[PDB]
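Trainee: Mind having a look at this structure? Questions to follow.
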Number of protein chains: 2
Amino acid sequence: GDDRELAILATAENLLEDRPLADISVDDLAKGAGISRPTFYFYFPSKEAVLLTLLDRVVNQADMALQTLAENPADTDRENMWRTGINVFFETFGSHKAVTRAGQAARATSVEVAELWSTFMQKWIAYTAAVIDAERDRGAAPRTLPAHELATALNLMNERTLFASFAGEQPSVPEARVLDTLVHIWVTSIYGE
Amino acid sequence: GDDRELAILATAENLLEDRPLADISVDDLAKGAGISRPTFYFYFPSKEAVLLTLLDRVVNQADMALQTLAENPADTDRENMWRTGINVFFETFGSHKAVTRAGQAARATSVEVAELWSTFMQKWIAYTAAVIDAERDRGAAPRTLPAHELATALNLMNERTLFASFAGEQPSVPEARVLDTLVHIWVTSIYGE
Ligand SMILES: CSc1ccc(C(=O)Nc2nc(-c3ccccn3)cs2)cc1
Ligand SMILES: CSc1ccc(C(=O)Nc2nc(-c3ccccn3)cs2)cc1
């Protein structure tokens, strides 16, 4: 039951590493999972539904890691606090590059994917803004931009920049430089002038 | 000749304001332009080619405006210099929101659109990096990140953030706040710490 579903999901993620979803057939997923095509349709209405489930697993993995960090602050400076948080997304999405790339493309064509994306970005922006507000309340950061608007731009930067790096887009920041680049921009814009 | 082509382009941009390219037919473009379907195919091989031409016109409009600014520096402070430059993209793309949104979506499906996008982003990143380097050479900005990597992240932020605002995405920065938001992040990250 759950094992056949997990096999479909694992087959899809493996296949997505070498071709887009448009070039993956329901028969390809069934074959890789060791099941028939009608048995596949018992577990998933379509191949798009499989991608939705994969993306749901990745974004919840990142969200749960961020929640763990928020409850267990590492004892360190302000720059390291932001780096450890941005690293959650660098490492989680960077460990699932094929699902990340496919989910990014599916947002233009799937309202379900677009709504999942929007839901979690709203959550992560709200958390970012809450941390900025706490830094301002304690006197560590100046009251410059509205914190929620600043948080929105910084999160959109991370989404676009991380995913360009993972996909090797031209142009992009090299993957080995992207964490340092983003941390610099977050720390200077949150604590500067 | 050129007038029929301009009529096709104007019809396409008008139609894109209320439905995506997928819901615009070649017959719709021909009808709006006052021509037959075979006459359309004399000017454009497809509706995707029409969008490519529209997007080419918009990005060259922005590029030419930036070139004009680069030759005619406004006499003002460093924050205003960056604001005037970012405003080129805010105003040019914001005046062609339907073409911008359609071109953004077409990048996932059109190598021609993706290559046009990449070509101009590389050009604008190189210019950004050259200005950062000049500010460092004159002692106004500190030597922090590699200027080209900083410029890449800041340009990707602007692309993602401006276009989310224009499309009214959730989440997004309100359009009336997005210029101030981006300028703050550029100025603090270029001149800070
Ligand atoms: C310390 S607080 C903090 C630090 C970093 C971020 C961050 O990078 N958020 C991002 N979200 C995405 C994303 C991707 C797909 C769907 C939805 N969201 C990519 S990167 C967020 C909060
Ligand atoms: C003063 S130097 C400067 C200031 C601001 C920018 C900037 O916003 N660049 C952007 N490019 C795009 C874009 C969109 C579609 C295709 C290619 N590029 C959107 S925003 C660039 C250079």
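Each position is counted from 1, following the chain as shown.
Quick reminder: no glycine exception, Cβ is built from N, Cα and C everywhere.
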Trainee: With the ranges B:25-44, B:85-104, B:125-144 to choose from, which does Swiss-Prot describe as DNA-binding region?
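Mentor: Going through B:25-44, B:85-104, B:125-144 one by one, Swiss-Prot flags B:25-44 as DNA-binding region.
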Trainee: How many other Cβ atoms sit within 10 Å of the Cβ of B:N158 (site 'Inhibitor-binding')?
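Mentor: Its Cβ shell of radius 10 Å holds 25 other Cβ atoms.
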Trainee: Tell me, how many other CB atoms lie within 10 A of the CB of B:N155 (site 'Inhibitor-binding'), whichever protein chain they belong to?
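Mentor: The answer is 24.
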